[PDB]
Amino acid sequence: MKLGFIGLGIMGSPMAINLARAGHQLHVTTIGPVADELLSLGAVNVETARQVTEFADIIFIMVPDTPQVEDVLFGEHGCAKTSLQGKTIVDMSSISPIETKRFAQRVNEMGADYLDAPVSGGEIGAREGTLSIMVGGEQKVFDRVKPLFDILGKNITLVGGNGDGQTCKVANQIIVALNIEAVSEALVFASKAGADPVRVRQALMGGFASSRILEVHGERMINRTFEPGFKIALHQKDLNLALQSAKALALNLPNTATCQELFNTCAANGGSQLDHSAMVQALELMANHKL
């Protein structure tokens, strides 16, 4: 069918490639060079978001921020500069929950359907179609795009109306960040107390301390494996979205605010491009004691 993809970064490119290899028809547009492998599968690289839209019935979007999603939709040569009657816009960018509601609304007033469906899983998840997809929007629309979500991901969930997808993603990033920080506090304390991080993590696995973070990341902190799986610089962007929403909704998120500052400490000490599990280096530095 006629699908369009705007934004082909480390996530967008492989996602589009996945839809193209599934036999779907695609016109794409990105700030820069398109992947040979993508055009190699039928994809047609056009010049603007407006043209992707004039062609497709379902438009996918993968841009860095709320402003890009904003520009792509209503910019000078964007998706709205052409009729959107009967179309479906699927933003899979991680952007403001509040701005999303507004966007989805004005695209509705132009006769189009809106689906906000931010993802999690990183570039590996995107290459292998195992992305986690939290979706905001109406069921019927969700059902309609689902076959496509299936190619792109594994865990797909309709969380509610427009905006809940972005919102669900913010909540996931808050917990992931707070969970990583807790394991860091608990293990660095255990280590400086004289206990063996390996054992404690094992002991704590059976019980209420158990979580996927303690399982995967706790391991990385011990083994010192910090190769990018999700760069700290990226999680800082995610928490920044969290805090700004908190400010707009008047929410007091004491530990999300601190985690952001803890990440600032990682940056200042060469951790911006390491895996967010390296968050542990912050507490080690602060206690002067590595695992």
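Counting begins at 1, following the sequence as shown.
The PDB entry records a higher mean C-alpha B factor for 60-68 than for its counterpart among 258-266 and 60-68.
Comparing 121-129 with 165-173, the stretch with the higher mean C-alpha B-factor in the PDB entry is 121-129. Comparing C-alpha B-factors across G111, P147, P97, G153 in the deposited entry, the largest value falls on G111. The PDB entry assigns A22 a C-alpha temperature factor belonging to the highest third of its chain's modelled residues. The PDB entry assigns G194 a C-alpha temperature factor belonging to the middle third of its chain's modelled residues. Among the modelled residues of the chain, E181 sits in the lowest third by CA temperature factor in this PDB entry. In the deposited entry, the Cα temperature factor of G218 places it in the middle third of its chain's modelled residues. Per the deposited record, the Cα B-factor of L73 falls in the highest third when ranked against the other modelled residues of its chain.
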